[PDB]
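Everything below concerns the one structure shown next.
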Amino acid sequence: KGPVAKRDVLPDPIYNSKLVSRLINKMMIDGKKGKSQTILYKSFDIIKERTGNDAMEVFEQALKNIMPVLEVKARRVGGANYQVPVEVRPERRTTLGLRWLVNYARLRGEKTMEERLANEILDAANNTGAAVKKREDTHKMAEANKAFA
Amino acid sequence: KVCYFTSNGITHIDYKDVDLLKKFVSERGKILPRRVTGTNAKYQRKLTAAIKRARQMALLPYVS
Amino acid sequence: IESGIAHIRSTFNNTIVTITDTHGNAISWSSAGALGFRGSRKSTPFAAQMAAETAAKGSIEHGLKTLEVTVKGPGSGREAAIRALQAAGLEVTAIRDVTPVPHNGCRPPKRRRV
RNA sequence: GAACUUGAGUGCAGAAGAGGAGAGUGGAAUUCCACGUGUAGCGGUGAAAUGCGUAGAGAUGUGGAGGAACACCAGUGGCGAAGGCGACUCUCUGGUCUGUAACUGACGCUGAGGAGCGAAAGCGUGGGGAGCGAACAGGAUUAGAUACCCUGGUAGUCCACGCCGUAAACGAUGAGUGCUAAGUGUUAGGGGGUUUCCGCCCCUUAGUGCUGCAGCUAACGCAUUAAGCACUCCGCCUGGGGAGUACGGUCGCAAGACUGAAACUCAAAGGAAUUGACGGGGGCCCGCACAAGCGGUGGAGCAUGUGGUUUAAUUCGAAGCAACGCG
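Each protein sequence line maps, in turn, to chains g, r and k.
Oh and the first sequence: position 142 is 145 in the entry's author numbering, straight run, nothing missing.
Oh and the second sequence: position 47 is 60 in the entry's author numbering, straight run, nothing missing.
Oh and the third sequence: position 86 is 103 in the entry's author numbering, straight run, nothing missing.
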């Protein structure tokens, strides 16, 4: 069988990042990169406006707050249902960070996902936020189950 | 290995020989088996009889 | 005081560490269940490490420094608890591997699946 | 009737052994007891709970009581007819093996019935009780759980004498004797070829393992420790069930043991091996099978097919995957 790997596209015409196009491919509903590109650039223009900063550094700070060190996997032996904590390899750190940004942004609820993604980045920058509940809770699940490693 | 008692020709082991018994006995106090000291069957029998008698007179230890 | 002996008894349920004084006077004690682990995690060496950490903190609170550590009981957390006595500010000099060996004695309770 | 020494046995000389019976003693550990340390758990489980615990436990140190088994040696090692026998020491005592040559000179083998031994459980009487532990109780599990698991715990396990007289009491292989290739460990001996030795080799016994020729066997396999080739003697079998039952008798305090059918019923029961399939057996591997994700279905509305039911007819066919937007 063996492990297979995938690829992704380097630039964005404004905000030249790999991972921002990785977020473009994420949150794509029904095969529409155009709508996700529109949502993303209008959101980052809100992040450049509402806070007078470049939104690249705010976006990496939000990622750094969300990227989880420790997943907690499963291990059922007998009738025990133990969860076992896993040191996450950093690709999955970035992609769990992007899932938590996208999911808790669209789960928030405001008058566009432009605004939801903007305010979720602004919350995950100054770490207290909705996806960071999931960050904290995964680290708490790894903290409770640390007896197994 | 080589047997001790066939080499030095010595017969009945004489419980008073506390230093020889202390050589055959292990570090904690146990009798070493025949595949460690290399003796015969017969000489291991007389050795273990000697060690048990010298243990009951405190010439040899039980537990350490 | 300065010297005592650390009695660790780590068995398949619990890893109990009592730091006592040389002619047997317990300064402080903490177990794997005292740390909070109630379940089977009591048997895990992480709980034995934590129990040794808390016993080491209490022993330094009373002030002893050079231990002489006696491992007792068949379990799993003996090595991590010896290592955690070292890393918590104490010295482990001698290691007494003393599990209670009956010679022949009483007969054990019956085997389990029968 | 006379002779013989090989078989048998006595004599002498060593050797080894948990061979037995009686008494005495030890060291771990377990439990319990008293006191110090000290604080909140311990115990246990797949998960927990019952139990134990602030009235101070578990841990830990010292002391004491008491019972039972004797780590390491320890070994397809030893002894015994078999059951069986593992601390040590003495008392009494049984057998074996080895070397013969001193003696006897066939004294030998086997043995129904009889007499004895005879694991464990059980029984009687008197002690004993530490651990374990039927029964019994509580907690779990479970649909139930008179179970496995957990926590407790009675008889019993232990000892003295008496009874039982049974085991998958097994080598599932009666005892004796002789003959019939090898290789190889090992236990207790003996002798030899150089060496005073250590030790190597050779040779021979008796016991104990494995692999193996001939031979045997249905096959598995046995094979000088026979399941070979023979002779002697004893015990036992004649399809499966009913049935080791019932009746009778003997023995037993009892539980039961031994002896032991018949009516009736079946055409099989059975051994060993082969091919498969299966396993809540082991190994290896693979697949959107699982995980990692993404989107759904199950909810609503409608489209469509199918079961029932309404029917005059609701035509027939498909029916787990592999029927049901199928013909």
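Yeah, the Cβ is synthetic: ideal placement off N, Cα and C, and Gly gets one too.
- Item | Buried or exposed by the 16-neighbour rule on C-beta atoms within 10 Å, applied to residue 24(k) | Residue environment for residue 24(k): buried (at least 16 other C-beta atoms within 10 angstroms of its C-beta).
- Query: Considering residue 114(g), what are the terminal residues of the alpha helix (DSSP H) in which it resides?
  - Reply: No alpha helix (DSSP H) holds residue 114(g); DSSP gives it neither H nor E.
- Using the beta-carbon count (16 or more within 10 Å), is residue 47(g) buried or exposed? buried
- With respect to the beta strand (DSSP E) encompassing residue 64(r), which residues constitute its N-terminal and C-terminal limits? From DSSP, residue 64(r) is part of no beta strand (DSSP E) but of the alpha helix (DSSP H) over 54-69.
- Ignore the nearest five residues each way along the sequence and tell me which others in residue 25(g)'s own chain have a CB closer than 6 Å to its CB. 11
- Item | Counted within 10 angstroms of its Cβ, other Cβ atoms place residue 35(r) as buried (16 or more) or exposed | exposed
- Closest residue to residue 102(k) among 88(k), 69(k), 115(k) and 118(k) (Cα-Cα distance): Minimum Cα distance to residue 102(k) is reached at 69(k).
- Hey, is the segment 91-102 of chain k in contact with the segment 52-62 of chain k, meaning 3+ C-beta pairs nearer than 8 Å? yes
- Query: Which of helix, strand or coil does DSSP assign to residue 124(k)?
  - Reply: coil
- Item | Sheet register partners of residue 38(k) (DSSP bridge) | 21(k) and 42(k)
- Are the CB atoms of residue 63(g) and residue 99(g) nearer to each other than 9 Å? If you check the CB distance, residue 63(g) and residue 99(g) do not come in under 9 Å.
- Task: Check residue 78(g) in the structure and name its three-state DSSP category.
- Result: For residue 78(g), the three-state secondary structure derived from DSSP is strand.
- Task: Please compile the residues from chain g whose C-beta is within a distance smaller than 8 Å of the C-beta of residue 64(k).
- Result: 150
- Query: Is the number of C-beta pairs between the segment 48-55 of chain k and the segment 59-74 of chain r that are closer than 8 Å three or more?
  - Reply: no
- Item | Status (buried if at least 16 other CB within 10 Å, exposed otherwise) for residue 28(g) | exposed
- With a 10 Å radius around its C-beta and 16 neighbouring C-beta atoms as the bar for buried, classify residue 130(k) as buried or exposed. exposed
- For the segment 45-56 of chain k, which residues have a CB atom closer than 8 Å to at least one CB atom of chain g, in sequence order? 54
- DSSP state of residue 61(g) mapped onto helix, strand, coil: helix
- Would you list the one or two residues that DSSP bridges to residue 94(g)? For residue 94(g), which the question treats as bridged, DSSP gives no partner whatsoever.
- Buried or exposed for residue 57(g), please, with buried defined as at least 16 other CB atoms from any protein chain shown within 10 angstroms of its CB. exposed
- Message: If you measure between the beta carbons of residue 117(g) and residue 69(g), is that distance less than 9 Å?
- Response: no
- Task: Sort out for me which residues DSSP pairs residue 85(g) with in a bridge.
- Result: 78(g)
- Task: Go to residue 64(k), then tell me how far its alpha helix (DSSP H) extends in each direction, as first and last residue.
- Result: 62-79
- Query: Can you check whether the CB of residue 18(k) is closer than 9 Å to the CB of residue 80(k)?
  - Reply: yes
- Interface flag, residue 121(g) vs chain k, CB-CB below 9 Å: no
- Message: Could you check if residue 19(g) belongs to the surroundings of the ligand PLP, using beta carbon to heavy atom distance under 8 Å?
- Response: Ligands displayed in this structure: none; no statement on the ligand PLP is therefore possible.
- Give the DSSP-derived three-state secondary structure of residue 15(g) in the structure shown. coil
- Message: Is it the case that the segment 70-79 of chain k contacts the segment 35-46 of chain k, given that we only count it when at least three CB pairs across the two stretches are under 8 Å?
- Response: yes
- Message: Against chain k, does residue 145(g) count as a neighbour if the rule is that its beta carbon must be under 9 Å from one of theirs?
- Response: For residue 145(g), the answer is no, since every Cβ of chain k falls outside 9 Å of its Cβ.
- Query: Which same chain residues, not among the five before or five after residue 135(g), have their C-beta less than 7 Å away from its C-beta?
  - Reply: 68, 69 and 127
- Going by CA-CA distance only, name the one from 96(g), 124(g), 30(g) and 145(g) that's closest to residue 53(g). 124(g)
- Task: Measuring alpha carbon to alpha carbon, tell me which of 106(k), 113(k), 53(k) and 123(k) ends up nearest residue 90(k).
- Result: When only C-alpha atoms are compared, the closest one is 113(k).
- Task: Excluding the 5 residues preceding and the 5 following residue 39(r) in the sequence, name in chain order all residues of the same chain whose CB lies nearer than 6 Å to its CB.
- Result: 45
- Query: Can you name, in chain order, every residue of its own chain whose Cβ lies under 7 Å from the Cβ of residue 10(k), other than the five neighbours on each side?
  - Reply: No information on residue 10(k) is available, as it lies outside the stretch 18 to 131 that chain k covers here.
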